[PDB]
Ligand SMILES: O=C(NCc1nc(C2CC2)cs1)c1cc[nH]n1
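One chain is shown next in C-alpha cells, namely the form deposited without this ligand.
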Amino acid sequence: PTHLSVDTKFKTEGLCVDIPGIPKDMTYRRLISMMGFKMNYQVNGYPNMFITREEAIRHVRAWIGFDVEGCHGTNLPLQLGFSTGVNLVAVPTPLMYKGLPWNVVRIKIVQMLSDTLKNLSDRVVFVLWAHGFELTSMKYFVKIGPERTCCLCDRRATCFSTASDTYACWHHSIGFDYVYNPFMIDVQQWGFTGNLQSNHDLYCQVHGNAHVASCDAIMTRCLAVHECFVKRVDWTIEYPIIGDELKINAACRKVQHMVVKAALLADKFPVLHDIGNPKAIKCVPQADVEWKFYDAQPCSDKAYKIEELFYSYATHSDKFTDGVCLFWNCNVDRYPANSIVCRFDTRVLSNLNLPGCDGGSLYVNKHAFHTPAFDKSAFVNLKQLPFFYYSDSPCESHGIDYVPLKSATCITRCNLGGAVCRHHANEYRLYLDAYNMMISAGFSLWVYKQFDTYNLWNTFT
C-alpha cells in the first residue's frame, strides 16, 4: 500500500451531470483511459495519475485547486479556474482572461504552475471536486509517461516541450507547453453529502462564491486543507527543507531565551506559567523563578479561549495573576496582561506559509501547522515587544573584519561603560540577524505593558 491502486473504485455520481450515463462501477484504470491517457502497463515511478489522501498530505505544498466550468464539451468554451485566482477561457476553434485556443492556454498554465510551485514542491497535485469537465479537459494540457529528470538539472521533470522534445522541472520550464506527470485527488471521493459550497461554508467564511471557476478551485483546496490539517492533525509527517527552516527555528530559540531571560531580570517575577507545547523545556535554565508548565498542543481550528485554558473543573486552577505567563506560539483569543507572547502572523507572504482555512494559514516548517487567523484584538492587554540585545557574559573576544558598534539597544556592561567590545558587537549583530529572520518569517512578539529595558542596566553594578 504505497500508491493508490488503479483498480480501486471511483464513485462516479459527482461526474454524471457533465457526463450523463457514466457507469456507477468504475475503476481509476477505466477513468484514466476515458480521460484519454494510456498507462500501457508501465512500472516507471508513475503508477496512477490519482493519489491517496495520505500521499496528498505528504505533498500539501504541491496543492493547486482546479475547476472547469462550461461557459457554453467538444464545441463549447471552458473556463479553467485555479486556486491561484486565475481564470482562463479556452475556445475549441479574480483574474479573468478572454477566450483563447488550447495551444496558447496550455503555455499560460505551465508558466503559472511553474512560478507558483518552483520554490514549494517537486510536483503539482490538482485538488478537484470532480464533476466531469475538469477530467476530460486534462488531455489538452497534460502529457504522461515514465518518471524523468530535467534537461538542465537533477530535479524531476514537471513540464514537457513539443517545440524541443525535452523535459524540465518548475525552474527551467520557460517556453514549455505541457504539464508532465501531474498528480490529482478528487475531494468528492472522501464521502461528502451535498455540493462543494455547502460543505466549504460549514468551516469557512473568508472564501465567497463569486460564481467563477477560480472561486470553486479555491473552496476545493480550502475544504481539503480543513479535512487534512484542521479537523485531523498529523505531527508524525515530516516535510523537506525548502528555505530558511533551520535558521528560523534557531532564531526562534535564541529570541525566546533572550526575551524571557530579560523579562525575569527586569521585573524579577517569582513564578512563570509556561502554557503551550507539552514537550517544552525551560528556555532560561539558570533563572531563579518557579517554572510551572501547562500542556496545550498548537490549536489548528479556532484560537484557544483563555477561559477554557484555566477551566479546572471541580478543582481550583493555579494563580495565573501571580508572576508572568509565557505563551510561545500558544494562540489564545485574548492574552492576560502579565504575558510574554510569540504569535505567528498568518497573513505573512512566504514559501513556508501556505493559504489556509477561514483566514488561517498552513505553516509548513518540518511539520504542518494550520494556524488560526491572526487577530490584533488578542493583544489589547499588551504592547509590541521592542528589539533589544541583552548580555551579562564577560567582555572577552576569543577568535571576520570589524566596524565599531554604536547602539542604544545593545544592553551590555561595555555599552554602559561607554564603548561596546568586539565580542558583544559580534553577538549583537548575530542576534539582530536572527531576530529579523524570525520577524520576517511571520512571528510577532508581545509583552506586558510595564516591560522596560531601562531596568536591565542596573544588572551591571
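All residue numbers are counted from 1 along the displayed sequence.
Keep in mind that the form solved in complex with this ligand is not shown, yet the notes after this line are about it.
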Placed ligand check: this ligand in the deposited complex, overlay by site C-alphas, backbone/C-beta within 2.4 Å: blocked
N199, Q79, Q189, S391 - the one with a heavy atom within 4.5 Å of this ligand in the deposited complex: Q79
Selected contact from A213, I109, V124, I185, since only one has a non-hydrogen atom within 4.5 angstroms of this ligand in the deposited complex: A213
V89, heavy atom within 4.5 angstroms of this ligand in the deposited complex: yes
This ligand in the deposited complex - contacting residues of 53 to 69, heavy atom within 4.5 Å: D67, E69
